[PDB]
Amino acid sequence: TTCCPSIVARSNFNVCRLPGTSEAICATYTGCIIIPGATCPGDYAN
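Chain by chain, residues are numbered from 1 following the written sequence, and this numbering need not agree with the entry; no residue without coordinates is displayed. Only hydrogens and water are removed before side-chain values are computed, so all heavy atoms of the structure are retained for them.

- Structure determination for this entry is recorded as X-ray crystallography, at 0.89 Å resolution.

## Some words on the UniProt feature "disulfide bond" in the protein chain
Now for step 1: Between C4 and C32, where UniProt records a disulfide, the sulfur-sulfur distance comes to 2.0 Å, consistent with the annotated bond. Of this pair, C4 sits in the loop between β1 (2-3) and α1 (7-17) while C32 is found in the loop between α2 (23-30) and β2 (33-34), placing the two residues 28 residues apart along the sequence.
Now for step 2: Think of it in three bands: with a 1.4 Å probe and only protein chains considered, a residue is buried below 20% of the maximum accessible area for its type, exposed above 50%, and partly exposed in between. With relative accessibility at 0%, the residue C4 sits in the buried group.
Now for step 3: A relative accessible area of 4% places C32 in the buried class. Note that a disulfide, as used here, is simply two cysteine sulfur atoms within 2.5 Å. UniProt positions are given in the numbering used here, feature names are shortened, and annotations may be inferred rather than shown by experiment. Elements are defined by DSSP. Helices are runs of H or I of four residues or more, strands are runs of E of two residues or more, and each kind is numbered from the N terminus.

## Quick word on α2
Now for step 1: If you check which residues of α2 are buried, you get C26, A27 and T30. Relative to the axis of α2, the buried residues are bounded by an arc of 105 degrees and lie together on one face. Residues of α2 that are exposed and angled more than 90 degrees away from the buried face: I25, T28 and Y29.
Now for step 2: Remark: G31 follows α2 within two positions and exhibits a positive phi of approximately 90 degrees. Throughout, the arc means that of the directions going from the helix axis to the C-beta atoms.

## Thoughts on the nonpolar core
Now for step 1: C4, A9, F13, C16, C26 and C32 together form the largest nonpolar core, which totals six residues.
Now for step 2: For this core, the leading source of residues is α1, giving three residues.
Now for step 3: In this description, contact between two residues means that some pair of their heavy atoms is separated by no more than 4.5 Å. For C32, the residues in contact, after removing those within four places along its chain, are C3, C4, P5, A9, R10, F13 and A27. Side-chain atoms within 4.5 Å link the members of a nonpolar core, which is a set of buried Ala, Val, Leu, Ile, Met, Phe, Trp, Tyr and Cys residues.

This is the structure in structure tokens:
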């Protein structure tokens, strides 16, 4: 599951994914995170 720190970060994550970039690279690029669960924490609410 991906969790993002702000709207901006999510928007740029989604663009990063368009060519098929791995989630892990899009995570470090944006500040979004990948977690094994489905419940994003309050500081990664977007």
